[PDB]
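Peer 1: Mind looking over this structure? Questions follow.
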Amino acid sequence: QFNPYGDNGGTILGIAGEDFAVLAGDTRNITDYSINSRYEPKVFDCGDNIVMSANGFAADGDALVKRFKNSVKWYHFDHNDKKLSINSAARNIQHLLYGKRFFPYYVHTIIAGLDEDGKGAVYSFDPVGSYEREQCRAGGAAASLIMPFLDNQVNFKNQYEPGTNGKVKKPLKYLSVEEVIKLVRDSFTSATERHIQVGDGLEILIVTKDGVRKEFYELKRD
Amino acid sequence: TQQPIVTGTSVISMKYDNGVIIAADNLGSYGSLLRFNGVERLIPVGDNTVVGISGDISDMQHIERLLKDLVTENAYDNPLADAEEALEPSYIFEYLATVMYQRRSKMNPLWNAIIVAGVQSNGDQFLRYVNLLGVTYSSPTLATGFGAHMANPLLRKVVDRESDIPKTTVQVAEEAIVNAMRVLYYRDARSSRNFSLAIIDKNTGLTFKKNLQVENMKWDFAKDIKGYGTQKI
Amino acid sequence: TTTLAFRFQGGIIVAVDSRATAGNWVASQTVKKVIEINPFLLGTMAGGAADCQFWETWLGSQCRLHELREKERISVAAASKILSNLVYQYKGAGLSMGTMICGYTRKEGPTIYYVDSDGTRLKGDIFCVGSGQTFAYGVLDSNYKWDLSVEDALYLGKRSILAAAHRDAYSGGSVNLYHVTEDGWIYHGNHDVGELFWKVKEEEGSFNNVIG
Amino acid sequence: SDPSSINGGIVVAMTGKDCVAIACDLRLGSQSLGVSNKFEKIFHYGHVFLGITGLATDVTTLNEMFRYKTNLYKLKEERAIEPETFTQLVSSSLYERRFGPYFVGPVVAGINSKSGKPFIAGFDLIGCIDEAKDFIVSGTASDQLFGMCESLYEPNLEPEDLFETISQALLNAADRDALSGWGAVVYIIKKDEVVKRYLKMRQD
Amino acid sequence: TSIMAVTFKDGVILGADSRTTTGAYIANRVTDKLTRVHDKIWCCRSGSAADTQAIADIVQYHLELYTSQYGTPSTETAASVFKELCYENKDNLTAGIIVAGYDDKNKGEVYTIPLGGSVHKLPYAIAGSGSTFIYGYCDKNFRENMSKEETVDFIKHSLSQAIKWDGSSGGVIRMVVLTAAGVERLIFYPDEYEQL
Amino acid sequence: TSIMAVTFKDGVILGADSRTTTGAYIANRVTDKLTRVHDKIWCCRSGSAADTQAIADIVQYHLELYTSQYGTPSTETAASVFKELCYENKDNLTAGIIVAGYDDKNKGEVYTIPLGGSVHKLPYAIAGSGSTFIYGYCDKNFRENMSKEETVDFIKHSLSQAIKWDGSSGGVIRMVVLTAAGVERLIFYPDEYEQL
Amino acid sequence: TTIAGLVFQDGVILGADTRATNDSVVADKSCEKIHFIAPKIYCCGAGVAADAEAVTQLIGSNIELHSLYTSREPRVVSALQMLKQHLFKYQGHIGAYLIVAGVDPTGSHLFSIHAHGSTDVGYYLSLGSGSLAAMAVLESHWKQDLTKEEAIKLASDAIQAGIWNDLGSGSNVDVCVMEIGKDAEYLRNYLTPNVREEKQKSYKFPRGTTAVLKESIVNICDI
Amino acid sequence: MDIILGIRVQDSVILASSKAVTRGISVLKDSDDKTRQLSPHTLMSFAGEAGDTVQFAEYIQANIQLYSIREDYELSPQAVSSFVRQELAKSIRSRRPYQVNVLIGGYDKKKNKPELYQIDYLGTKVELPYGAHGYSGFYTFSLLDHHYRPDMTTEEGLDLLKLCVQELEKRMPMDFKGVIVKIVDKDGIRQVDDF
Amino acid sequence: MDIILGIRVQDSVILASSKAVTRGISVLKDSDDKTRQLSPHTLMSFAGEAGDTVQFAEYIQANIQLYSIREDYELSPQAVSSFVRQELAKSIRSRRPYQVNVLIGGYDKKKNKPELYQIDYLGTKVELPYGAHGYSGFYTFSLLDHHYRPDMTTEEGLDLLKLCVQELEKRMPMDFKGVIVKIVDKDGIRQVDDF
Ligand SMILES: *C[C@@](C)(O)[C@](*)(O)[C@H](CCC1CCCCC1)NC(=O)[C@H](Cc1ccc(OC)cc1)NC(=O)[C@H](C)NC(=O)CN1CCOCC1
Ligand SMILES: *C[C@@](C)(O)[C@](*)(O)[C@H](CCC1CCCCC1)NC(=O)[C@H](Cc1ccc(OC)cc1)NC(=O)[C@H](C)NC(=O)CN1CCOCC1
Ligand SMILES: [Mg+2]
Ligand SMILES: [Mg+2]
Ligand SMILES: [Mg+2]
Ligand SMILES: [Mg+2]
């Protein structure tokens, strides 16, 4: 019998700062135990200061991103070059995904950018379009490895003030871009060690009021 | 939904400093039966693109006709059909990738793995893969079927990353491809000795080589191997 | 999921947990399971995350169109029936949805309608829906009377979700509380279970099964 | 249906400077229903510590089995069993049930009393030994624990630092698993003192 | 696999290809499928490699113990031991064995033992996946009482075609000649047999 | 079924056995598997009898309508119509067709269309269940530009072996010769071909 | 797993990667797949990790007792025969795939063994998920009469091919060299091409960060 | 068999077990006692597959009674529960396992403490302040989490049990025909005849 | 939905329908009215798959109410039952059939006779002196075979119905939470509020 779905592996990570946001993803693409590519970009600039990644089955991920990029293009045509806000982009992506509710896009989607107050935003989707705004999200193969770490290091979970017995929680802070990138890099280095589908390279897209900047880092190729 | 009947095995390829190389054997297998010994699986499109196809041969012949029809259609009302409006590798690929993903989405796939090798207008090397699921990817080396498991390891020793491409000449790249084809003939049960190889160079253009044979084969060590353990004669 | 809604002397209490799961993976601890349809209408959400979000957001659009056309607030009965008739069209296709449509209108008074994805639509005073419903029912049914103070009713709804958050593996995160009156709904806060549990334990003297 | 995830729970172990740490959650459930919040998964036979995750009836059965075996070992050998030897005994005992296995994820932790060397090990259900320098993870949130350990861990941590690292690894992994949590215990093990600490965690 | 045994004037010759496959991967391209159960009693193996090796090892043991007690066993006797193992364990075995041997009394003899565990004495025998493609060729070209050179050519040409059409067959063509003179091993490489 | 088409100096010859089976019962022992889609374009049918007849009837219709409008169709054109039907309905058809025809420009041509609906132009072609047994024989004995008498013998000897080994094949050997001279039907009975 | 073995002038060499996997996560980054059977007989293992480990230990134990009984150096064919007969008995249920190599009074030998009990003789072999990557290298570069220096290079290269190109395989390269008339040299961590890079940050916590409910001393001593 | 509950208070253990026996279509009996006295201060309630339940209970009863005669001594509740657990843990890897879940409520005369053990058919033992088997716990544990205190009297334990039974009678689909209640304390085992 | 009964006496038809609504584990409601008034002298009770029951009943109700306005006339019970049967008989060969069983109790004002029709989800219609759907009839038909007479009063019909409900409460495994009873006679439809 023909199986329309596949698994191209990989892992992605979105973190929302105070006046910035990052969307990181490994550049490895796999099927079964074969490496297809060591550098196949998975995180895309979609215009209007929005970055997107649809990790899982790469054909469905490409299809979705392609459709969303087109949705941005037609939003400009139909509404007088109005900037598509990140909240509006998110709702649009829900409808793209739920449109195929009974033959799903087999991907975990994350978008990142800035909200209409200039604050950092990350939105996170299931395959059939349920979504929510979050400060922190990993998706894909090694999401189970990375997310607990981000709960601890981004949201300060299970961390208390020393000497308070355990009754004053570590207070929540925004992280600097330099601090976020350190946590991103360590998350992927860690995930590469223990997950066979993660490796080769790390590509980070950083979104600020000034635009979309890229950074690339080598990961272990075994 | 179907099952592939007459099939073609590995297509292998790589980038080098000035262009791309692609290769594929001339066999059409009918399961374990090595049925058709004269099947060309590299199909050129203009003088800048070669599409290498593995998998079902009936679906390959369909794709071959789509590409032939694509060239005809591009020429229509196009005074620059042999110049600035000629078909590019990237155009030919995106078309095929659209078709492959549409067909898998109707649950009636074209049962193939396709590599589009070519050189663009600006001299840039083009090399990209697509298969029956519409899955696409690019890499300095690409291979389908058994080639992915056996050819890529050998070809990646020559071009391990992007920065190794300018350092790789056409002689070194072709040598690596020809060796990889021998390894596949040793080890793939659905392969053949006879193959075709295509070089697409930004300076020298398209060189299409037919009726190549795997040569310099090591078999002599076989005479000394006796039994499966304890046998001495 | 644990969602509840119950009717009492001072209106409707609505309380939900905040956990979403993908098998045994905890997908989120900060999920919104109450949808604010209008100032007088709430929807609880349990089942498929997408199914709930999509169709209850859609329900809100259909309720807005009603008031544009009829120059009048949609009745709780009518709003619930729009959703129940929709899911009934999709019956068998595999939608997963369990919801309480809770609201006040002058003609109906405070009303709760349970609607689910196999087409059931029930009017009633008390409902608990989701994997943790049985746990919420245990606490709720024992301390339920018609005439609780708004303060006591809010606590019972909060406490009933807490009970289920504790015992049910697939319920947790935090408790979102609402109170529906003549004048509309009022949010009564997000209460993290990791702080609430210990607070309730000490003050109430309950949860003696736990090492504290 | 899957015996390794009916009851739920986790064990993690780590090495430090002249010390080891082993920790576990306290949950026992029947799938979604939480039953017990006092089900400890760490046992000790002399100075060798054994954590066991998986099907709870096998956890209890194997504890009783290794108590039996180490008691007889001690009577005959006239000394307590060491971690390296006990690891081999666990492996042997699991592999003899190769085709009808105990559905468990054991973890050995301890300090060799003669050499003073910290030692940890983990096993699959049929006895394959993983003898790690850094850390061992086991249970229904093993993926989560791998992620925490692989980022949080550094070598040669002092006992009171190592306590913080292993505790945070356990707590944050458990909070992302439906079938783990409900309390947690951490053992800090030195050559001739062992401290046991119950952790405050969210009870959902 | 492509295997055959052919009786001729001076005795018998066994022939085989050298390919072993796990699906479409060639696990061993230089396999020796001609295997010795006694000095001048050999067999060609097809089917499960594990099963045929396990059987061949047991037969070699039985004939070694036969020889200690009763002297040299006949080829018929060797075929019977193969049959007994194959037939009695037919539910648990995938083994297709050709038994060939040289006596001085009986001269060259060939016995084929297919999947069921039946025995068939024949002038020549062909077996394995690649044999299907040469039934026509072998029937037309086989003669009784051929010379050694003719029988080598007959086997070489036959297995060459079997190799050409069967993906499961390939590599070198190994042969083992069994006569009064002794035991001779022959090997033929691709560059020789492919151009026939 | 055992079917083949062979090009030669003067044109092309199609050959077939005459056996149709429903399991092990021979439903028709005198079947005509050589079927006319045009004056000098014929085909050999294998697979489902219902499917190949249904296809052949549609092709004959298409070529008749081609002839009314555009004159005599090429053999390539006939093969293309067969392909189109086979390929587009591959999920619902079990048809393995060999198309053979004579032009004066192109002379003898043979196209084979296996299960998938692919097309392959070849000097000769063999198909059907009984073809497996003669790949070896046909490869060794085929030459290009044979005479009519040689090609009749080549087919007769080939299908004789196919019939001998395949239970699904048998009966008479029918042949159809396609040259400039015209269309000649030949038949060969068991008592003739069995003793070859 | 990527395991390989090949012969050279007056010896045989074995190679192996050091990765173990449980589903898609790495269970071990430094596991020893080259196993001791006798002082000059070694075994590469692949497949079910407990099975390949248990079957080599059992045959190694029985080889030791056989050697004591006969007062002879054990032979590789004995290990081979014992392994295949055991594995055959279990009909593939002991999912161990092994490359056995060694030196004995007969000479140097190289065999492979599959889980169902089939054995092969070869001059170069590879097994496991990375066998195809390794065999590609061996088919490209292997020749007769290799020197020891060339053989270690080729073996390690064949394993590396698996490490880089196969997701099943990874981490380090273990080698064992068995030469005639010499002690076998076992070279664990012969290559170390996958050391983890230094981390960006230290996640060492402030002491007291974790909330504690109770403390107690555990009595581990006797009496 | 459907509902079996257990609650351990200050000075006693209370076991409540449903009276219905249903074979498919009909309720064959409405007064069934789903319990066996193992020893004078140890009571075992049980629920599971038809036949297996009683066969297992009576088998355990016979073994504990045999022990009592041989040693002229009552085994502790802890010892009886460990014996029962091992028999179930042995059972699960048998040709045909006992599909039986049990609660063991006992008064330890040495320690002067009530003890309640919950053991499932796999041999999963836990000591608890309150326990249940099957679907009962889904309704009753949230109540007990709310209302339970360790220092409760036997009368308070019974009232808390009435609240559990009322909840089950309100929200469960099956009519389990009420419960037989038995108290295990220092004085032995007695049945509460009006509940 | 579980139990629906119907009994036709001298001068009326009495329909009794259970109040429980159970979704798997929990009893979501204990006061559910499993009936719709189709016309002033025709009542339809219903039971079957969740959602389908109410959707079908309300659909039938809307069609009969539409007929009544169009013709300014009440259809006979026989005519309403034939309409309902055809809709169910049409339904069974659909893409997704209505899994609904119904009882139609009506008073024919022309003939001055009570009438009870039993129709299953296949569209199997029968006119009966007493009827039931699902497992109810297994217990209640033997009673009605014993105690029924055609000349019974409405009070005698209700007493005979109490005897049916008592038997169901004794022998059925499910707690159906009692029955809502409705009487259909010459004066129309009324609910018996104490049962
Ligand atoms: C957590 C609990 C106890 O199950 C609740 O019922 C919870 C409600 C969460 C929802 C409330 C409204 C706001 C958005 C969140 N449900 C889930 O978490 C839900 C459980 C579930 C899973 C699968 C399913 O299949 C039909 C039904 C219900 N989880 C999800 O929907 C998760 C986030 N996503 C998936 O499981 C992936 N989908 C892919 C395609 O098929 C549907 C499942
Ligand atoms: C990982 C790789 C590349 O496949 C190697 O084959 C590796 C060899 C390790 C071994 C070599 C000899 C010395 C001892 C170590 N194998 C594994 O890591 C193995 C892979 C595997 C998993 C499952 C399987 O099922 C048929 C076959 C092969 N991993 C394991 O055995 C792990 C540690 N355990 C499990 O996966 C759980 N088992 C459950 C019971 O069935 C067997 C698997
Ligand atoms: Mg790798
Ligand atoms: Mg948890
Ligand atoms: Mg919980
Ligand atoms: Mg015949």
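Those protein sequence lines, which keep their order, are chains W, U, S, Z, X, Y, C, G and F. The end of the first sequence is residue 1476 by the numbering used here, with every number in the run present. The end of the second sequence is residue 237 by the numbering used here, with every number in the run present. The end of the third sequence is residue 242 by the numbering used here, with every number in the run present. The end of the fourth sequence is residue 249 by the numbering used here, with every number in the run present. The end of the fifth sequence is residue 1118 by the numbering used here, with every number in the run present. The end of the sixth sequence is residue 1118 by the numbering used here, with every number in the run present. The end of the seventh sequence is residue 399 by the numbering used here, with every number in the run present. The end of the eighth sequence is residue 179 by the numbering used here, with every number in the run present. The end of the ninth sequence is residue 179 by the numbering used here, with every number in the run present. Just so it is clear, CB atoms sit at the ideal spot from N, CA and C, and this is done for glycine as well.
1) Can you pull the chain G residues whose beta carbon is under 7 Å from the beta carbon of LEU73 of chain Z, in chain order?
2) Measuring only between beta-carbons, confirm whether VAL11 of chain G sits less than 8 Å from chain F.
3) Can you list, in chain order, the residues of its chain whose CB lies under 6 Å from that of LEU190 of chain C, leaving out five sequence neighbours each side?
4) For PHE84 of chain Z, which residues in chain G fall below 7 Å Cβ to Cβ?
5) Is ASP56 of chain F close to chain S? Criterion is C-beta to C-beta, closer than 8 Å.
6) Does any residue of chain S have a CB that is nearer than 8 Å to the CB of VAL38 of chain F?
7) Should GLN1117 of chain Y be labelled buried (16 or more other beta-carbon atoms within 10 Å of its own) or exposed?
8) Of all Cβ atoms in chain G, is any one closer than 8 Å to the Cβ of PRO157 of chain F?
9) Skipping 5 residues on each side, what residues in its chain have a beta carbon closer than 6 Å to that of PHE179 of chain G?
10) Shorter than 8 Å from the beta carbon of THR124 of chain G to some beta carbon of chain F?
11) Heavy atom of ligand 4 less than 7 Å from the Cβ of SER75 of chain Z, yes or no?
12) Counting only beta-carbon atoms, is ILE1284 of chain W nearer than 8 Å to chain C?
13) Based on the DSSP output, what are the partners of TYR217 of chain S in its beta bridges?
14) Does the distance between the C-beta of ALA223 of chain Z and the nearest non-hydrogen atom of ligand 8 fall short of 7 Å?
15) Heavy atom of ligand 6 less than 7 Å from the Cβ of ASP1088 of chain Y, yes or no?
16) Excluding the five sequence neighbours on either side, which residues of its own chain have a C-beta within less than 6 Å of the C-beta of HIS960 of chain X, listed in chain order?
17) Is it the case that the Cβ atoms of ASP227 of chain C and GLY271 of chain C are separated by a distance below 8 Å?
18) Would you say the beta carbon of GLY191 of chain C comes nearer than 7 Å to a heavy atom of ligand 2?
19) Does any heavy atom of ligand 5 sit closer than 7 Å to the C-beta of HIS196 of chain S?
20) Give the residues of chain Y in contact with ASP60 of chain U, contact being defined as C-beta atoms less than 9 Å apart.
21) Taking beta-carbon pairs under 8 Å, can you tell me which members of the stretch 313 to 340 of chain C lie near chain W?
22) Give the residues of chain U in contact with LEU308 of chain C, contact being defined as C-beta atoms less than 7 Å apart.
23) Anything in the stretch 978 to 1010 of chain Y with a Cβ closer than 7 Å to a Cβ of chain U? List those residues in chain order, please.
24) Is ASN348 of chain C a contact residue of ligand 2, with contact defined as CB to any heavy atom under 7 Å?
Peer 2: Looking at the coordinates:
1) The residue labelled residue 73 of chain Z in the question sits at position 28 within the fourth sequence. The answer, in chain order, is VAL110.
2) For the purposes of this step, residue 11 of chain G is identified with residue 27 of the eighth sequence, where counting begins at 1. Closer than 8 Å to some Cβ of chain F, the Cβ of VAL11 of chain G qualifies, so yes.
3) As a first step, residue 190 of chain C must be located in the seventh sequence, where it is residue number 14. Excluding positions up to five away in sequence, the list reads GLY181, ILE210, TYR218, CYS220, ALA277 and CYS352.
4) In the fourth sequence, counting from the first residue as 1, residue 84 of chain Z sits at position 39. Here the neighbours are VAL110.
5) Here residue 56 of chain F corresponds to residue number 72 of the ninth sequence, with the count starting at 1. Not an interface residue.
6) Residue numbering aside, residue 38 of chain F sits at position 54 when the ninth sequence is read from its first letter. Yes, its Cβ sits closer than 8 Å to a Cβ of chain S.
7) As a working note, residue 1117 of chain Y is residue 195 in the sixth sequence. Classification of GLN1117 of chain Y: exposed, given that the 10 Å Cβ count is below 16.
8) Within the ninth sequence, the letter at position 173 stands for residue 157 of chain F. So yes, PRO157 of chain F belongs to the interface.
9) Working through the eighth sequence from its first residue, we reach residue 179 of chain G at position 195. Counting only Cβ-Cβ distances below 6 Å, and skipping sequence neighbours, we find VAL165.
10) The residue labelled residue 124 of chain G in the question sits at position 140 within the eighth sequence. No, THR124 of chain G does not count as interfacial toward chain F.
11) Looking up residue 75 of chain Z in the fourth sequence gives position 30. No, since every heavy atom of ligand 4 falls outside the 7 Å radius drawn around the Cβ of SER75 of chain Z.
12) What you label residue 1284 of chain W is simply residue 30 of the first sequence in a count that begins at 1. So, interface residue.
13) Counted from its first residue, the third sequence places residue 217 of chain S at position 187. Answer by DSSP bridge pairing, in chain order: S:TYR208.
14) In terms of ligand content, the structure shown lacks ligand 8 and carries ligand 1, ligand 2, ligand 3, ligand 4, ligand 5 and ligand 6 instead.
15) Here the question's residue 1088 of chain Y lines up with position 166 in the sixth sequence. For ligand 6, at least one heavy atom lies less than 7 Å from the Cβ of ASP1088 of chain Y.
16) One-based indexing of the fifth sequence puts residue 960 of chain X at position 38. Once the five neighbours on either side are set aside, the close Cβ partners of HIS960 of chain X are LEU985.
17) On the seventh sequence, position 51 is the one that residue 227 of chain C refers to. On the seventh sequence, position 95 is the one that residue 271 of chain C refers to. A contact, by the Cβ cut-off of 8 Å.
18) As a working note, residue 191 of chain C is residue 15 in the seventh sequence. No, the beta carbon of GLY191 of chain C sits no closer than 7 Å to any heavy atom of ligand 2.
19) Locating residue 196 of chain S in the third sequence gives position 166, where the first residue counts as 1. Result yes, Cβ under 7 Å from ligand 5.
20) Position 56 of the second sequence, counted from the start, is the residue given in the question as residue 60 of chain U. Residues of chain Y passing the Cβ test: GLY1038 and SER1040.
21) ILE339 and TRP340
22) If you number the seventh sequence from 1, residue 308 of chain C lands on position 132. Chain U residues near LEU308 of chain C: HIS153 and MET154.
23) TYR1009
24) The count along the seventh sequence starts at 1 and reaches residue 348 of chain C at position 172. Checking every heavy atom of ligand 2 against the Cβ of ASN348 of chain C, none is found closer than 7 Å.
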